[PDB]
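> Dropping the structure in here first, questions after.
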Amino acid sequence: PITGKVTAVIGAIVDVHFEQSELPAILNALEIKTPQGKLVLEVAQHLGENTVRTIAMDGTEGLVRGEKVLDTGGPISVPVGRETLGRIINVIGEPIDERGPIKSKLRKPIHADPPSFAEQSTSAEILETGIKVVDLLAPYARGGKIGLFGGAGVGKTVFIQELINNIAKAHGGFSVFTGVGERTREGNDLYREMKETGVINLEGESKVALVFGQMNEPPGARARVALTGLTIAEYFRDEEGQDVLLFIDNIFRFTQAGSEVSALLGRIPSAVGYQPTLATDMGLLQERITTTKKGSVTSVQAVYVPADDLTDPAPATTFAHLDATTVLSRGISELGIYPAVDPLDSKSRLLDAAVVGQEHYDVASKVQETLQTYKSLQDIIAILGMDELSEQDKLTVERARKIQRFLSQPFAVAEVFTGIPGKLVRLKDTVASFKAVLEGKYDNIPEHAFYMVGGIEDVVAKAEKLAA
Amino acid sequence: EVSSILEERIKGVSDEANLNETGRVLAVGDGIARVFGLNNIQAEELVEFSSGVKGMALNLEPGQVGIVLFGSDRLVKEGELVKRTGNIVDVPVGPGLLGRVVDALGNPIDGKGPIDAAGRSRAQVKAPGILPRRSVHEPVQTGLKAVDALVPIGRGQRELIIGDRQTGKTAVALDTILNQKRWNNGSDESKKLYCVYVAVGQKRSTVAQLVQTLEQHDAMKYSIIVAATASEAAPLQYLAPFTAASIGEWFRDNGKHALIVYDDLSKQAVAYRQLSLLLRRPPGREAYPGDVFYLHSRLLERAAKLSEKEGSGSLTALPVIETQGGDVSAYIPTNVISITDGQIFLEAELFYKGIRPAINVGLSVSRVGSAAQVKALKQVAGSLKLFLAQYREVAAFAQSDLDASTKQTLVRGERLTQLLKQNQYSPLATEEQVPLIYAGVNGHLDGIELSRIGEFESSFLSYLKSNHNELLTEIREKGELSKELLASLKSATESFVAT
Amino acid sequence: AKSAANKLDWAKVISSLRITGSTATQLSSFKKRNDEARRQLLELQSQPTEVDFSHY
Amino acid sequence: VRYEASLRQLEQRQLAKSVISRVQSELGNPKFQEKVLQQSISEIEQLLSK
């Protein structure tokens, strides 16, 4: 056997001395018997002569040196199946929703390798979203990273609730929402709402699976929660060919967590207080988001600022890998736009013309252009007077204000919030609707008739009713 | 059954000889296996592990030999044998790597065929002598109206490609790849530049897409994708341009050239940085290695135009840096600026303002390399560079007089600025640059309005390619601007302004 | 079929103008449009019965 | 088609544990004594030719 007694506890960095000629491998999971259960510590270096140096994942309240250790022989393995959907699971894969033990099918290590060069996104293609705004100005792809911007309460919670609904309708797909630096008090509030709104049902099958980052637990476990979720998504992807959505909260706490563990391992943190392994830690996580031969994960990550700037090492490295931005703004949410997306900072580089179609590109560029001309003229027009308008100008004022209102689409999930039963609007209906406003066939139609409506079909009704 | 044939391979290998020197892994950690032993070993020699993880001898110490693991710490553990492989890093070279998507061992990650190759050459090789070179006088055309005017590049010279992230940094280059569709296709060997493209530190999806981009434009078969992936360790993100270069040295020394497309040298510097701070190599200037200077120059000084004392090729060396949000007075791009002559920058301004190529002339300093320009283009690109130096100075007037400054090279300015905007994935041959540009130079786009620029340019190109096909031929194949143009090609231009 | 439904419908509104009452034109118009529109989206989705067994 | 494409890869997986099962079979049978000796006489022959 490979067993060894604990011989140090500097920090939460536990050095365990093993029997002569037998020692673990790096990235192994060690199990330590205690009056607290177990501590699952993950080996990150050998010191040699059958000694190791590990990191902690479960908290450390004090440890008697002379405790027995058991080497499992490989990395910590988290459950997979449709028996884990709708249950909050910690880093080692155990319930923290307190509905007590949960069933499982297979267990699979949280470290897996990027898929082959055969099983890649060799072609960008469009993943349809229930939100018309998304589908125009930054349409979603398959094996894509789409980086959400802004904080929490900025329109954040509703954007996330909608997506979980869309995917399921769209294919029959699932989600796993991971939160890193999720506050334990707030996560309860969210879980209670998610249950009410039908994105967590209490059957064995649900939509979204929840994986949460407990800040009262070590830094190693903040960093590894991300990989715990990635693994459940990947099973669905590999063996049932389901398309999934893996959400992250703070990618800020991913970086903070990861640095603390380097610092603890002695690897020099210089270059703006960030770890040297920054590029590769990302590279591993994000190359496991790809299209294979059956399934394709697709990912919404959230960027949250690290010292009131974006020039710092952690944003830049996140950004490089990105392919779209969706830019939720609190100001825009206060004006009662759902989605809260800022329609001039929503961008995609998969908005080419042979990926998205030649037509979809034309509609979308005019939409940007119309609002861009509108906002700039309005600056000095407001002040000087709105009787200083030209014939050219007031066609633009007309088109822009009517488009802006039209952006507000209730969602089924935010039915309570917005006040209207939700809509879902798909790739055909985004082009057709926004196209018509451009040819000004719906400029004889009030603005209270573009409020809380979806694509072209829906808005026919409103024009009649306003008058009635 | 596939298994019998595979099982059978493993059986042939079963009977192994004496290990030349046997290290033992004392400990492992920092990605640096601390391998005891290997008493007599060459410095930085490649090694393999009996695990099947290869590394090489990065630290050489009196009683110990640190190995940089290329492979993982998962599969390495203490005790394990570390077999002398005996070679210092060498690379498979010559053709057979064409159509191939490859890594730093020069082995395929497309998975198409085996790499077969005619011989191997060292990955560290040093620069050619002073006299075994000659100056450049041979045009890198790139297929760009704009960039071939401002600074076309010498065949053999390093010139910094810089400019911001995704500003058409990945995009604009496929134009150059498609330019070899004119030249590398053709039997003449001083027009062969094999398309030694690289992907240091780019994600698997991006790389995956990139291959089929080159298959779609069908330049792929004469190109290479000397890739590296941001998921896996520093030695790949280190050895990949050197690998690429050795490929280029083979062609280069045979009289064929390599078009060597060094993307992304910023990843390499980051890998370098990272490996310093991993292995406790002390944080230099701005916490970036001390020797990242020596790393970029060691690679880029390889580049020359050879005379005829070593062959006739060249290493057409394109040091692509991709800047993270500007900051060009950082240590990595200041060093690179000095190591290179002139420069090329594309802008987060212009590109997202909807003018692409996004170039600014100031941040693209003309120096040595526009002497390699062929006459016809040079005659009107010289004029252009002045007129745009004016457009700049004339734009920057607010600290109108209605004169030669404030209207004329405002107009001629705006006009040529719009003319130059190019939708990508198009080669433009050398006779489809100058007659257009020439028209702005005589101010025959001054009648033309900011719409009509391409209606002009395109209807002019059609009217040219019906009645002046011979003149187009003389412009690209004499490479000259001749008296017969200064008549009929100018007469063409003048006739076409109205009609 | 459908095209007749919508053109005569919109026409009768500008006719209600020539008289008095025109406020239950708006309910007549809404009803007829809506269910025409419900059958129209089904008709364009249309595919006859199908599964493949010689392409797979 | 999704399972059929899984099934190609899957075939190697079913076979793999079968290789493993034969190793356990080897180490239980006196293939454990006798083949360990076979290597040994090849090793003598190899070591001699140096």
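Each chain in the structure tokens gets a letter, A, B and so on, in the order shown; residues start at 1 in every chain, and ligands are counted from 1 in the order they appear.
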Compile the residues of chain A that lie within 7 Å of chain B, evaluated using only C-alpha atoms, and express the compilation as a list in words.

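So the contacting residues turn out to be residues 25, 26, 27, 45, 46, 47, 48, 117, 120, 121, 122, 123, 267, 268, 270, 271, 276, 277, 279, 280, 283, 284, 287, 290 and 316 of chain A.
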
> List every residue of chain B that has an atom at most 10 Å from any atom of chain D, and for each one report the closest atom pair and its distance in Å to one decimal, counting only C-alpha atoms, with rows sorted by chain and then by increasing residue number, as a tab-separated table.


```
residue	atom	partner	partner_atom	distance
B:2	CA	D:12	CA	9.7
B:3	CA	D:12	CA	8.5
B:14	CA	D:39	CA	9.9
B:15	CA	D:42	CA	8.2
B:16	CA	D:46	CA	8.4
B:17	CA	D:46	CA	6.8
B:18	CA	D:47	CA	7.5
```

> Based on the selection just made, write C-alpha atoms of those residues as a PDB file, in the first residue's frame.


```pdb
ATOM      1  CA  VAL B   2      -6.638  -3.090 -36.429  1.00  0.00           C
ATOM      2  CA  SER B   3      -5.622  -4.398 -32.974  1.00  0.00           C
ATOM      3  CA  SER B  14       9.982  -5.566 -27.190  1.00  0.00           C
ATOM      4  CA  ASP B  15      13.715  -6.274 -27.405  1.00  0.00           C
ATOM      5  CA  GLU B  16      15.603  -3.062 -26.330  1.00  0.00           C
ATOM      6  CA  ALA B  17      19.383  -2.481 -26.039  1.00  0.00           C
ATOM      7  CA  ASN B  18      21.657  -0.844 -23.417  1.00  0.00           C
TER       8      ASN B  18
END
```

> Please find the residues of chain D near chain C - the criterion being any atom within 12 Å, counting only C-alpha atoms - and write them as number ranges by chain.

D: 1-2, 4

> Hey, can you check how far CA of residue 97 in chain A sits from CA of residue 176 in chain A?

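Answer for the CA of residue 97 in chain A to CA of residue 176 in chain A separation: 14.9 Å.
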
> My list of candidates is C:40, C:49, C:8, C:13. Which is closest to residue 27 in chain C when distances are computed with only C-alpha atoms?

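Among the listed residues, C:13 lies closest to residue 27 in chain C.
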
> Determine which residues of chain C sit within 9 Å of chain A, taking into account only C-alpha atoms, and present them as a compact mmCIF listing (two decimals) with N, CA and C atoms, in the first residue's frame.


```txt
# COMPACT_ATOMS: atom_id res chain seq x y z
N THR C 23 -65.61 50.75 -34.23
CA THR C 23 -64.90 50.35 -33.05
C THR C 23 -65.05 48.85 -32.83
N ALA C 24 -65.78 48.14 -33.71
CA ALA C 24 -65.92 46.70 -33.62
C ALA C 24 -65.65 46.00 -34.94
N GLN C 26 -62.42 46.63 -35.33
CA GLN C 26 -61.14 46.32 -34.80
C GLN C 26 -61.10 44.91 -34.15
N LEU C 27 -62.24 44.48 -33.58
CA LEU C 27 -62.37 43.08 -33.10
C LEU C 27 -62.57 42.08 -34.17
N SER C 29 -61.41 42.30 -37.36
CA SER C 29 -60.17 42.32 -38.06
C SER C 29 -59.08 41.51 -37.38
N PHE C 30 -58.93 41.72 -36.08
CA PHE C 30 -58.04 41.00 -35.11
C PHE C 30 -58.33 39.54 -35.13
N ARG C 33 -57.57 37.90 -38.88
CA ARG C 33 -56.17 37.89 -39.09
C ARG C 33 -55.42 36.84 -38.33
N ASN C 34 -55.74 36.70 -37.00
CA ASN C 34 -54.99 35.91 -36.06
C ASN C 34 -54.99 34.43 -36.50
N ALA C 37 -53.36 33.55 -39.61
CA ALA C 37 -51.99 33.59 -39.32
C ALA C 37 -51.50 32.33 -38.58
```

> Can you work out which residues from chain A touch chain D at a cut-off of 9 Å (counting only C-alpha atoms) and hand them back as a PyMOL selection string?

chain A and resi 238-241+293-294

> Using the selection just defined, write its residues with N, CA, C and O atoms as a PDB file, in the first residue's frame.


```pdb
ATOM      1  N   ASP A 238     -20.354  13.951 -25.069  1.00  0.00           N
ATOM      2  CA  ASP A 238     -19.789  12.686 -25.516  1.00  0.00           C
ATOM      3  C   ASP A 238     -20.669  11.537 -25.735  1.00  0.00           C
ATOM      4  O   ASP A 238     -20.431  10.682 -26.558  1.00  0.00           O
ATOM      5  N   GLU A 239     -21.658  11.313 -24.813  1.00  0.00           N
ATOM      6  CA  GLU A 239     -22.384  10.100 -24.928  1.00  0.00           C
ATOM      7  C   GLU A 239     -23.855  10.258 -25.135  1.00  0.00           C
ATOM      8  O   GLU A 239     -24.542   9.242 -25.276  1.00  0.00           O
ATOM      9  N   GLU A 240     -24.360  11.493 -25.239  1.00  0.00           N
ATOM     10  CA  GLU A 240     -25.760  11.650 -25.664  1.00  0.00           C
ATOM     11  C   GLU A 240     -25.867  12.805 -26.638  1.00  0.00           C
ATOM     12  O   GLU A 240     -26.884  13.058 -27.240  1.00  0.00           O
ATOM     13  N   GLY A 241     -24.708  13.447 -26.935  1.00  0.00           N
ATOM     14  CA  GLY A 241     -24.734  14.433 -28.026  1.00  0.00           C
ATOM     15  C   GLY A 241     -25.633  15.626 -27.849  1.00  0.00           C
ATOM     16  O   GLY A 241     -26.266  16.168 -28.736  1.00  0.00           O
ATOM     17  N   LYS A 293     -18.351  15.101 -32.142  1.00  0.00           N
ATOM     18  CA  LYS A 293     -18.985  14.471 -33.267  1.00  0.00           C
ATOM     19  C   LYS A 293     -20.394  14.175 -32.925  1.00  0.00           C
ATOM     20  O   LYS A 293     -21.146  13.454 -33.668  1.00  0.00           O
ATOM     21  N   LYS A 294     -20.854  14.639 -31.718  1.00  0.00           N
ATOM     22  CA  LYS A 294     -22.133  14.280 -31.320  1.00  0.00           C
ATOM     23  C   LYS A 294     -22.739  15.441 -30.684  1.00  0.00           C
ATOM     24  O   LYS A 294     -23.836  15.920 -30.989  1.00  0.00           O
TER      25      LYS A 294
END
```

> Just want the 8 Å neighbourhood of residue 434 in chain A, counted on only C-alpha atoms, with same-chain residues fewer than 5 positions away dropped. Output as a PyMOL selection string.

chain A and resi 363+367+403
